[PDB]
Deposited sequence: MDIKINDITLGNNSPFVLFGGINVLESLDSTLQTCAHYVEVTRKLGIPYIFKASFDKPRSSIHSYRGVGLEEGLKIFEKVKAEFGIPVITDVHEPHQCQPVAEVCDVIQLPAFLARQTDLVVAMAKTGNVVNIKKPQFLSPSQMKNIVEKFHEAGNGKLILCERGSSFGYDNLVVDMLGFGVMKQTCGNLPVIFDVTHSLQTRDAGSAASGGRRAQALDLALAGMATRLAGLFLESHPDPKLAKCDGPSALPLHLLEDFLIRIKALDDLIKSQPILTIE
(Lines of atoms letter the chains of each structure in order from A and count residues from 1; the text may use other names and numbers.)
(Lines give C-alpha, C1' and ligand atoms only; values in the text may rest on other atoms or scores of the structure.)
Protein backbone atom coordinates (compact mmCIF):
# COMPACT_ATOMS: atom_id res chain seq x y z
CA UNK A 1 0.00 0.00 0.00
CA UNK A 2 1.17 3.48 -0.94
CA UNK A 3 0.78 6.67 1.08
CA UNK A 4 0.75 10.10 -0.55
CA UNK A 5 2.64 12.69 1.50
CA UNK A 6 1.82 15.90 -0.36
CA UNK A 7 3.56 15.23 -3.71
CA UNK A 8 5.63 12.23 -2.53
CA UNK A 9 4.55 8.62 -3.04
CA UNK A 10 5.87 6.41 -0.27
CA UNK A 11 5.63 2.71 -1.00
CA UNK A 12 7.73 -0.45 -0.81
CA UNK A 13 7.73 -0.57 -4.61
CA UNK A 14 8.36 3.15 -5.23
CA UNK A 15 11.69 5.02 -5.32
CA UNK A 16 13.03 5.24 -1.75
CA UNK A 17 12.31 8.31 0.35
CA UNK A 18 14.91 9.88 2.63
CA UNK A 19 13.83 10.77 6.16
CA UNK A 20 16.79 12.81 7.36
CA UNK A 21 17.85 15.67 9.56
CA UNK A 22 19.27 16.62 12.94
CA UNK A 23 18.69 14.92 16.30
CA UNK A 24 16.97 17.84 18.02
CA UNK A 25 16.06 21.43 17.21
CA UNK A 26 18.48 23.95 18.72
CA UNK A 27 18.00 27.14 16.69
CA UNK A 28 16.21 28.46 13.68
CA UNK A 29 19.55 29.17 12.13
CA UNK A 30 21.15 25.81 12.61
CA UNK A 31 18.03 24.05 11.40
CA UNK A 32 17.76 26.00 8.17
CA UNK A 33 21.41 25.50 7.42
CA UNK A 34 21.31 21.71 7.74
CA UNK A 35 17.97 21.36 5.92
CA UNK A 36 19.26 23.39 2.94
CA UNK A 37 22.15 20.95 2.61
CA UNK A 38 19.76 18.00 2.84
CA UNK A 39 17.46 19.55 0.24
CA UNK A 40 20.18 20.73 -2.15
CA UNK A 41 21.76 17.25 -2.09
CA UNK A 42 18.50 15.28 -2.42
CA UNK A 43 17.02 17.52 -5.16
CA UNK A 44 20.01 16.98 -7.47
CA UNK A 45 19.89 13.27 -6.83
CA UNK A 46 16.11 13.33 -7.43
CA UNK A 47 15.40 11.59 -4.14
CA UNK A 48 12.16 12.56 -2.40
CA UNK A 49 13.17 14.07 0.95
CA UNK A 50 11.50 14.52 4.34
CA UNK A 51 13.13 16.58 7.07
CA UNK A 52 13.35 15.07 10.55
CA UNK A 53 13.80 16.64 13.90
CA UNK A 54 12.82 16.52 17.55
CA UNK A 55 11.62 19.49 19.47
CA UNK A 56 12.14 17.72 22.80
CA UNK A 57 14.59 15.03 24.00
CA UNK A 58 12.83 13.75 27.14
CA UNK A 59 15.33 10.94 27.82
CA UNK A 60 18.20 13.31 28.30
CA UNK A 61 20.23 13.79 31.34
CA UNK A 62 19.08 15.80 34.22
CA UNK A 63 21.19 18.80 33.48
CA UNK A 64 21.65 18.49 29.76
CA UNK A 65 19.88 20.36 26.99
CA UNK A 66 16.58 19.05 25.95
CA UNK A 67 15.49 21.18 22.98
CA UNK A 68 13.53 24.33 22.20
CA UNK A 69 10.38 22.66 23.28
CA UNK A 70 7.09 22.43 21.63
CA UNK A 71 6.09 26.03 21.15
CA UNK A 72 9.07 27.39 19.34
CA UNK A 73 9.77 24.14 17.61
CA UNK A 74 6.56 24.27 15.72
CA UNK A 75 7.37 27.67 14.45
CA UNK A 76 10.72 26.50 13.19
CA UNK A 77 8.85 23.71 11.33
CA UNK A 78 6.45 26.22 9.74
CA UNK A 79 9.44 28.16 8.42
CA UNK A 80 11.21 25.03 7.13
CA UNK A 81 7.96 24.07 5.37
CA UNK A 82 7.68 27.61 3.97
CA UNK A 83 11.27 27.95 2.73
CA UNK A 84 11.78 24.50 1.17
CA UNK A 85 8.21 23.37 0.39
CA UNK A 86 8.84 19.90 1.84
CA UNK A 87 7.07 17.65 4.37
CA UNK A 88 8.54 17.34 7.87
CA UNK A 89 8.55 14.55 10.48
CA UNK A 90 8.76 14.77 14.29
CA UNK A 91 8.19 12.53 17.32
CA UNK A 92 5.45 13.02 19.90
CA UNK A 93 5.58 12.05 23.59
CA UNK A 94 2.36 13.26 25.20
CA UNK A 95 -1.26 12.85 24.03
CA UNK A 96 -1.96 16.60 24.38
CA UNK A 97 0.87 17.38 21.93
CA UNK A 98 -0.66 15.40 19.06
CA UNK A 99 -3.20 17.81 17.56
CA UNK A 100 -1.05 20.98 17.65
CA UNK A 101 1.90 19.06 16.13
CA UNK A 102 -0.29 17.39 13.49
CA UNK A 103 -1.53 20.68 12.00
CA UNK A 104 2.06 21.57 11.04
CA UNK A 105 3.95 18.30 10.66
CA UNK A 106 2.79 15.94 7.91
CA UNK A 107 4.28 12.93 9.66
CA UNK A 108 4.14 12.31 13.40
CA UNK A 109 6.29 9.61 14.93
CA UNK A 110 5.69 7.18 17.79
CA UNK A 111 8.90 6.57 19.80
CA UNK A 112 9.88 2.92 20.16
CA UNK A 113 9.84 2.95 23.97
CA UNK A 114 6.28 4.29 23.87
CA UNK A 115 4.63 1.93 21.56
CA UNK A 116 2.51 0.73 24.38
CA UNK A 117 1.26 3.95 25.76
CA UNK A 118 -2.27 3.51 24.63
CA UNK A 119 -3.40 7.06 25.12
CA UNK A 120 -0.69 8.41 22.88
CA UNK A 121 -1.53 5.93 20.11
CA UNK A 122 -5.19 7.05 20.15
CA UNK A 123 -4.35 10.76 20.18
CA UNK A 124 -1.97 10.21 17.20
CA UNK A 125 -4.70 8.27 15.40
CA UNK A 126 -7.39 10.96 15.98
CA UNK A 127 -5.27 13.43 13.96
CA UNK A 128 -5.69 11.62 10.65
CA UNK A 129 -2.01 12.29 9.92
CA UNK A 130 0.59 9.85 8.57
CA UNK A 131 2.23 7.93 11.43
CA UNK A 132 5.71 6.48 11.67
CA UNK A 133 5.94 3.54 14.05
CA UNK A 134 9.39 2.84 15.46
CA UNK A 135 9.67 -0.89 16.05
CA UNK A 136 10.99 -1.43 19.56
CA UNK A 137 14.09 -3.48 19.87
CA UNK A 138 12.48 -6.08 21.96
CA UNK A 139 9.66 -6.73 19.58
CA UNK A 140 9.69 -9.41 16.89
CA UNK A 141 8.88 -8.48 13.27
CA UNK A 142 5.58 -10.38 13.47
CA UNK A 143 4.41 -8.75 16.75
CA UNK A 144 4.46 -5.46 14.88
CA UNK A 145 0.88 -6.19 13.74
CA UNK A 146 -0.33 -5.76 17.34
CA UNK A 147 0.51 -2.03 17.20
CA UNK A 148 -0.81 -1.76 13.64
CA UNK A 149 -4.03 -3.40 14.91
CA UNK A 150 -4.34 -0.64 17.55
CA UNK A 151 -4.13 2.25 15.07
CA UNK A 152 -6.68 0.55 12.82
CA UNK A 153 -8.98 0.15 15.85
CA UNK A 154 -8.46 3.87 16.47
CA UNK A 155 -9.30 4.61 12.80
CA UNK A 156 -6.04 5.57 11.10
CA UNK A 157 -4.42 3.38 8.47
CA UNK A 158 -1.83 5.75 7.05
CA UNK A 159 1.11 4.07 8.81
CA UNK A 160 4.81 3.54 8.11
CA UNK A 161 6.82 0.85 9.88
CA UNK A 162 10.33 1.73 11.00
CA UNK A 163 13.08 -0.81 11.65
CA UNK A 164 15.83 0.21 14.06
CA UNK A 165 17.35 -3.15 15.06
CA UNK A 166 16.65 -6.02 17.42
CA UNK A 167 18.13 -6.55 20.84
CA UNK A 168 21.10 -8.93 20.78
CA UNK A 169 22.45 -10.01 24.17
CA UNK A 170 23.27 -7.01 26.33
CA UNK A 171 24.05 -3.54 24.93
CA UNK A 172 23.96 -4.59 21.26
CA UNK A 173 21.68 -4.58 18.22
CA UNK A 174 21.41 -6.90 15.24
CA UNK A 175 19.23 -6.14 12.22
CA UNK A 176 17.43 -9.22 10.96
CA UNK A 177 17.27 -8.64 7.20
CA UNK A 178 14.36 -11.09 7.04
CA UNK A 179 12.23 -8.89 9.32
CA UNK A 180 11.41 -6.46 6.54
CA UNK A 181 9.71 -9.27 4.57
CA UNK A 182 7.74 -10.45 7.63
CA UNK A 183 6.48 -6.95 8.49
CA UNK A 184 5.43 -6.62 4.84
CA UNK A 185 3.55 -9.95 4.90
CA UNK A 186 1.80 -9.61 8.26
CA UNK A 187 0.98 -5.89 8.12
CA UNK A 188 -0.78 -5.57 4.75
CA UNK A 189 2.31 -4.34 2.88
CA UNK A 190 2.40 -0.97 4.63
CA UNK A 191 5.50 1.11 3.80
CA UNK A 192 8.53 -0.13 5.66
CA UNK A 193 11.58 2.05 6.24
CA UNK A 194 15.03 1.56 7.75
CA UNK A 195 16.41 3.71 10.56
CA UNK A 196 20.04 2.82 9.93
CA UNK A 197 21.44 5.42 12.38
CA UNK A 198 19.82 4.00 15.51
CA UNK A 199 20.36 0.51 14.44
CA UNK A 200 24.05 1.21 14.60
CA UNK A 201 24.50 2.25 18.13
CA UNK A 202 26.96 -0.14 19.74
CA UNK A 203 31.59 2.50 6.30
CA UNK A 204 29.40 0.30 8.53
CA UNK A 205 26.44 2.66 8.00
CA UNK A 206 26.75 2.26 4.24
CA UNK A 207 26.90 -1.55 4.25
CA UNK A 208 23.85 -1.68 6.42
CA UNK A 209 21.92 0.81 4.49
CA UNK A 210 22.69 -1.00 1.30
CA UNK A 211 21.77 -4.41 2.58
CA UNK A 212 18.54 -3.17 3.99
CA UNK A 213 17.51 -1.49 0.75
CA UNK A 214 18.41 -4.66 -1.17
CA UNK A 215 15.39 -6.33 0.44
CA UNK A 216 13.21 -3.64 -1.23
CA UNK A 217 12.10 -0.89 1.15
CA UNK A 218 10.01 2.27 0.97
CA UNK A 219 12.64 4.52 2.51
CA UNK A 220 15.74 5.26 4.50
CA UNK A 221 15.87 6.97 7.86
CA UNK A 222 18.99 8.71 9.17
CA UNK A 223 20.57 11.43 11.31
CA UNK A 224 23.65 13.54 10.51
CA UNK A 225 25.92 10.64 13.31
CA UNK A 226 26.83 10.91 9.59
CA UNK A 227 28.98 13.66 7.93
CA UNK A 228 27.93 15.70 4.97
CA UNK A 229 30.14 15.76 1.88
CA UNK A 230 29.70 12.05 2.46
CA UNK A 231 25.99 12.34 2.50
CA UNK A 232 26.10 12.82 -1.21
CA UNK A 233 28.54 10.01 -2.00
CA UNK A 234 26.50 7.91 0.41
CA UNK A 235 23.11 8.55 -1.19
CA UNK A 236 24.49 8.21 -4.74
CA UNK A 237 25.16 4.57 -3.84
CA UNK A 238 21.79 4.00 -2.16
CA UNK A 239 20.01 5.52 -5.17
CA UNK A 240 21.91 3.19 -7.48
CA UNK A 241 20.94 0.09 -5.55
CA UNK A 242 17.34 1.27 -4.99
CA UNK A 243 16.93 1.94 -8.73
CA UNK A 244 18.21 -1.51 -9.65
CA UNK A 245 16.13 -3.40 -7.05
CA UNK A 246 12.96 -1.43 -7.91
CA UNK A 247 13.39 -2.10 -11.65
CA UNK A 248 13.07 -5.86 -11.17
CA UNK A 249 9.59 -7.37 -10.90
CA UNK A 250 8.59 -8.95 -7.57
CA UNK A 251 8.70 -12.72 -6.71
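Gaps between the deposited sequence and the modelled structure occur at positions 203-214, 237-249, 277-279.
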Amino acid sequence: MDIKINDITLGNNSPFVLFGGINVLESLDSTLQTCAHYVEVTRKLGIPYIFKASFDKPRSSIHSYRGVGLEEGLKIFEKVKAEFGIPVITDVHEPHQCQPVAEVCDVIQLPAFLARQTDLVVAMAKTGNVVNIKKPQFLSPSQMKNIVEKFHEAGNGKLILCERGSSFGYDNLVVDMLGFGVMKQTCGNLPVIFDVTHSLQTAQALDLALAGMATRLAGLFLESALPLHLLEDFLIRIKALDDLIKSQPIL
From here on, numbers count along this sequence of modelled residues.
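Relative to one another, 94-102 and 144-152 have unequal mean CA B-factors, and 94-102 is the one with the higher figure. In this entry, 20-28 shows the higher mean Cα temperature factor of the pair 234-242 and 20-28. Reading the B-factor column for the CA atoms of 52, 184, 198, 66 in the entry, the top value corresponds to 66.
Residue set 138, 168, 77, 113: peak C-alpha B-factor at 77 (per PDB entry). In the PDB entry, a CA B factor belonging to the middle third of its chain's modelled residues is recorded for residue 87. Placement of the Cα temperature factor of residue 212 within the chain: lowest third of the modelled residues, per the deposited record. The deposited CA B-factor of residue 191 belongs to the lowest third of values across its chain. Residue 46: CA B factor lies in the middle third for its chain, per the PDB record.
The PDB entry assigns residue 179 a C-alpha temperature factor belonging to the lowest third of its chain's modelled residues.
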